[PDB]
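**Student:** A single structure is presented below for examination.
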Amino acid sequence: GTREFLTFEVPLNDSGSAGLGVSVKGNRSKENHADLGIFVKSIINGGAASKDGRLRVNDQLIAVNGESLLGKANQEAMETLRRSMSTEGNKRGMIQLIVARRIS
(Lines of atoms letter the chains of each structure in order from A; the text may use other names.)
(Lines give C-alpha, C1' and ligand atoms only; values in the text may rest on other atoms or scores of the structure.)
Protein backbone atom coordinates (compact mmCIF):
# COMPACT_ATOMS: atom_id res chain seq x y z
CA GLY A 7 0.00 0.00 0.00
CA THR A 8 2.97 2.25 -0.64
CA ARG A 9 3.82 4.27 -3.75
CA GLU A 10 6.72 6.43 -4.94
CA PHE A 11 6.90 9.12 -7.62
CA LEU A 12 9.62 8.85 -10.27
CA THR A 13 10.90 11.21 -12.97
CA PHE A 14 12.38 9.94 -16.23
CA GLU A 15 14.04 11.95 -19.00
CA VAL A 16 13.58 10.07 -22.28
CA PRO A 17 15.69 11.43 -25.19
CA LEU A 18 13.77 10.70 -28.40
CA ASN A 19 16.37 12.68 -30.34
CA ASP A 20 16.12 9.88 -32.90
CA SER A 21 13.36 7.60 -31.58
CA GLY A 22 10.37 9.76 -32.51
CA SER A 23 10.18 7.68 -35.68
CA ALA A 24 8.59 4.98 -33.53
CA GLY A 25 7.23 7.17 -30.74
CA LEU A 26 9.94 7.26 -28.06
CA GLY A 27 10.28 3.49 -28.13
CA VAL A 28 7.55 2.40 -25.73
CA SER A 29 3.90 1.37 -25.52
CA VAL A 30 1.43 2.24 -22.77
CA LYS A 31 -1.92 0.75 -21.75
CA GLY A 32 -4.71 2.28 -19.68
CA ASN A 33 -7.26 0.53 -17.48
CA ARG A 34 -10.04 1.22 -14.98
CA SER A 35 -11.26 0.03 -11.57
CA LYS A 36 -12.20 -3.66 -11.50
CA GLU A 37 -15.34 -2.75 -9.54
CA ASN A 38 -16.53 0.17 -11.67
CA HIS A 39 -15.67 2.27 -14.72
CA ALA A 40 -13.18 4.40 -12.79
CA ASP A 41 -10.11 4.93 -14.98
CA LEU A 42 -6.98 4.34 -12.90
CA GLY A 43 -4.49 5.57 -15.48
CA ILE A 44 -1.85 4.26 -17.87
CA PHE A 45 1.00 1.81 -17.26
CA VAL A 46 4.05 0.96 -19.37
CA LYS A 47 2.84 -1.89 -21.57
CA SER A 48 6.08 -2.47 -23.48
CA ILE A 49 9.39 -0.91 -24.53
CA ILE A 50 11.39 -0.68 -27.75
CA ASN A 51 15.06 -1.53 -27.17
CA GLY A 52 16.25 0.95 -29.77
CA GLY A 53 15.14 4.46 -28.86
CA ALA A 54 15.01 6.81 -25.88
CA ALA A 55 12.87 4.43 -23.83
CA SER A 56 15.64 1.87 -24.28
CA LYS A 57 18.67 4.08 -23.67
CA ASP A 58 16.73 5.55 -20.75
CA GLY A 59 17.29 2.40 -18.72
CA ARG A 60 14.92 3.86 -16.13
CA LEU A 61 11.57 2.69 -17.52
CA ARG A 62 9.54 -0.21 -16.13
CA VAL A 63 6.89 -2.25 -17.95
CA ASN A 64 4.27 -1.65 -15.24
CA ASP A 65 4.96 1.82 -13.80
CA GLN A 66 1.93 4.11 -13.53
CA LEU A 67 2.02 7.33 -15.56
CA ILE A 68 1.08 10.49 -13.68
CA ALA A 69 2.73 13.29 -15.67
CA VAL A 70 4.52 14.06 -18.94
CA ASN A 71 6.44 17.22 -19.85
CA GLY A 72 4.85 19.00 -16.91
CA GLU A 73 1.37 17.75 -17.77
CA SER A 74 -0.61 15.70 -15.25
CA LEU A 75 -2.00 12.39 -16.51
CA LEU A 76 -3.63 11.67 -13.14
CA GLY A 77 -6.70 13.86 -13.63
CA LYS A 78 -6.75 12.50 -17.17
CA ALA A 79 -8.47 9.23 -17.92
CA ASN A 80 -6.92 6.38 -19.88
CA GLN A 81 -7.86 7.98 -23.20
CA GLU A 82 -6.87 11.54 -22.22
CA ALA A 83 -3.49 10.51 -20.87
CA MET A 84 -3.00 8.28 -23.89
CA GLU A 85 -3.62 11.27 -26.14
CA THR A 86 -1.33 13.52 -24.13
CA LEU A 87 1.25 10.76 -24.45
CA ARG A 88 0.68 10.39 -28.17
CA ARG A 89 0.70 14.19 -28.23
CA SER A 90 4.02 14.33 -26.39
CA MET A 91 5.50 11.57 -28.53
CA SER A 92 4.00 13.24 -31.60
CA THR A 93 5.29 16.81 -31.39
CA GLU A 94 5.46 18.27 -27.88
CA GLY A 95 7.39 15.94 -25.64
CA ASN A 96 10.18 16.21 -28.17
CA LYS A 97 10.78 19.50 -30.02
CA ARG A 98 14.20 19.34 -28.29
CA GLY A 99 15.42 15.76 -28.20
CA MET A 100 13.78 14.34 -25.08
CA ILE A 101 10.58 14.32 -23.01
CA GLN A 102 9.83 14.23 -19.28
CA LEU A 103 7.62 11.48 -17.87
CA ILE A 104 6.59 11.14 -14.23
CA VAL A 105 5.27 7.87 -12.85
CA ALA A 106 4.41 6.04 -9.64
CA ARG A 107 5.87 2.79 -8.31
CA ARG A 108 4.43 0.60 -5.56
CA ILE A 109 6.39 -0.58 -2.51
CA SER A 110 6.48 -3.71 -0.35
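Quick note, the sequence shown lines up with residues 7 to 110 if you use the authors' numbering.
Ideal placement from N, C-alpha and C gives every residue a C-beta, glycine not left out.
Residue 108 bridges to which residues according to DSSP?
**Tutor:** Working through the sequence shown from its first residue, we reach residue 108 at position 102. DSSP, once it has assigned bridges, lists 9 as partnering residue 108.
**Student:** Take the Cβ of residue 10 as the centre, count every other Cβ of all protein chains shown within 10 Å, and call the residue buried at 16 or more, exposed below.
**Tutor:** Indexing the sequence shown from 1 puts residue 10 at position 4. That one is exposed.
**Student:** Evaluate residue 28 with the Cβ neighbour count: other Cβ atoms within 10 Å of its Cβ, from every protein chain shown; 16 or more gives buried, anything less gives exposed.
**Tutor:** Taking the sequence shown and counting its residues from 1, the one referred to as residue 28 is at position 22. Counting Cβ neighbours within 10 Å, residue 28 comes out buried, since at least 16 surround it.
**Student:** Compare the Cα-Cα distances from residue 51 to each of 31, 20, 93, 101 and report the closest residue.
**Tutor:** On the sequence shown, residue 51 is found 45 positions in, with the first residue counted as 1. That would be 20, whose Cα lies nearest to the Cα of residue 51.
**Student:** Nearest CA to the CA of residue 74: which residue from 86, 55, 57?
**Tutor:** Numbered from 1 along the sequence shown, position 68 holds the residue referred to as residue 74. Nearest option by C-alpha distance: 86.
**Student:** Rounding to the nearest angstrom, what Cα-Cα distance links residue 83 and residue 43 in this structure?
**Tutor:** The residue you call residue 83 lines up with position 77 of the sequence shown. The residue you call residue 43 lines up with position 37 of the sequence shown. Their backbone Cα atoms lie some 7 Å apart in a straight line.
**Student:** If we call anything under 8 Å between Cβ atoms a contact, is residue 16 one with residue 58?
**Tutor:** As a working note, residue 16 is residue 10 in the sequence shown. As a working note, residue 58 is residue 52 in the sequence shown. Cβ atoms of residue 16 and residue 58: closer than 8 Å.
**Student:** Would you call the CB atoms of residue 104 and residue 69 closer than 8 Å?
**Tutor:** For this step, residue 104 is matched to residue 98 along the sequence shown. For this step, residue 69 is matched to residue 63 along the sequence shown. Yes.
**Student:** Does the Cβ-Cβ distance between residue 90 and residue 71 come in under 8 Å?
**Tutor:** Counting from 1 along the sequence shown, the entry for residue 90 is found at position 84. Counting from 1 along the sequence shown, the entry for residue 71 is found at position 65. Yes. Within cutoff.
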